[PDB]
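A.B. asks: Turn this into a structure:
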Amino acid sequence: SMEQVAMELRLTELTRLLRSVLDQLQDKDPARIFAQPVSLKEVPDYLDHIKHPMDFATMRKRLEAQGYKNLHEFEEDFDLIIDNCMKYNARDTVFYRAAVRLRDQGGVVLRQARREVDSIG
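C.D. replies: Numbering: from 1, shown residues only. Here you go:
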């Protein structure tokens, strides 16, 4: 149908916008602490601690498959990155501190993304 096409164009444009959001968020992680999944070879107990692991490479795979239907779903995954880290790592660690700075810097980006998503529809 023509409606299915129109819906698919909307999704494609959301994906375009979320790709730019993702790039902007990942720049706030210059140490690349959150770039890849926590290695289960190197942290064999991880899944005992963290039930839903997340990282920027995993988000990028979902994004490019157009797997985010709305900004809420994308933000859920970003919040998992931060929140998983802040639980697994102690306050005095470079990992925890990286997550706090990512959260704080990312908020600004996500605030305007939400306006753009609502604005453009």
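A.B. asks: quick one, what contacts the residue nearest the centre of the chain?
C.D. replies: Taking Cα atoms, centre = their mean, the centroid of the chain lies closest to residue 78, which sits 3.0 Å from it. Applying Cβ atoms under 8 Å, 6 or more residues apart in numbering to residue 78 gives the contacts 25, 59, 106, 110. All C-beta atoms are positioned from the backbone trio N, CA, C, and that covers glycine.
A.B. asks: Considering those, which is situated nearest to residue 8?
C.D. replies: residue 59 (21.0 Å; Cβ to Cβ).
A.B. asks: Now the closest one: closest residue in space, sequence neighbours ignored.
C.D. replies: Of all residues not flanking residue 59 in the chain, residue 77 sits nearest, at 5.0 Å (Cβ to Cβ, 6 or more residues apart in numbering).
A.B. asks: how near is the residue nearest to the centre of the chain to residue 5?
C.D. replies: Residue 78 is 29 Å from residue 5, where distance means Cβ to Cβ, to the nearest Å.
A.B. asks: Also residue 113?
C.D. replies: Residue 113 is 25 Å from residue 5, by Cβ to Cβ.
A.B. asks: do you know how far residue 106 is from residue 46?
C.D. replies: Distance from residue 106 to residue 46, by Cβ to Cβ: 23 Å.
A.B. asks: Among those two, which residue is more densely surrounded?
C.D. replies: residue 106 (23 against 15; other Cβ atoms under 10 Å).
A.B. asks: what are the ranges of the helices in the chain?
C.D. replies: Per DSSP state H, the chain carries helices over the ranges 2-27, 46-49, 56-64, 71-88, 94-120.
A.B. asks: Would you point to the one among these that's packed deepest?
C.D. replies: For the helices of the chain, average neighbour numbers computed from mean count of other Cβ atoms under 10 Å are highest in helix 71-88, which has a mean of 18.
A.B. asks: That one to helix 2-27, inter-axis angle?
C.D. replies: With axes from the mean of the first three to the mean of the last three Cα atoms, to 10 degrees applied, the angle from helix 71-88 to helix 2-27 works out at 30 degrees.
A.B. asks: Alpha carbons only: can I get helix 71-88 in CSV?
C.D. replies: Extracted as CSV, the C-alpha positions of helix 71-88 are listed here (Å, rounded to 0.1, in the frame of the first residue of the first chain):
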residue,chain,number,x,y,z
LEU,A,71,12.9,7.7,20.4
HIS,A,72,11.7,6.1,23.6
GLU,A,73,13.0,2.7,22.5
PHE,A,74,16.4,4.3,21.6
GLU,A,75,16.6,6.1,24.9
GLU,A,76,15.9,2.9,26.7
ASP,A,77,19.0,1.3,25.2
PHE,A,78,21.1,4.4,26.0
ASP,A,79,20.0,4.4,29.6
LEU,A,80,20.9,0.6,29.8
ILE,A,81,24.5,1.5,28.9
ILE,A,82,24.8,4.0,31.7
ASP,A,83,22.8,2.2,34.3
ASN,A,84,24.5,-1.2,33.8
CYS,A,85,27.9,0.5,34.3
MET,A,86,26.9,2.4,37.3
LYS,A,87,25.7,-0.8,39.0
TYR,A,88,28.7,-3.1,38.0
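A.B. asks: I am finished for the moment; much appreciated.
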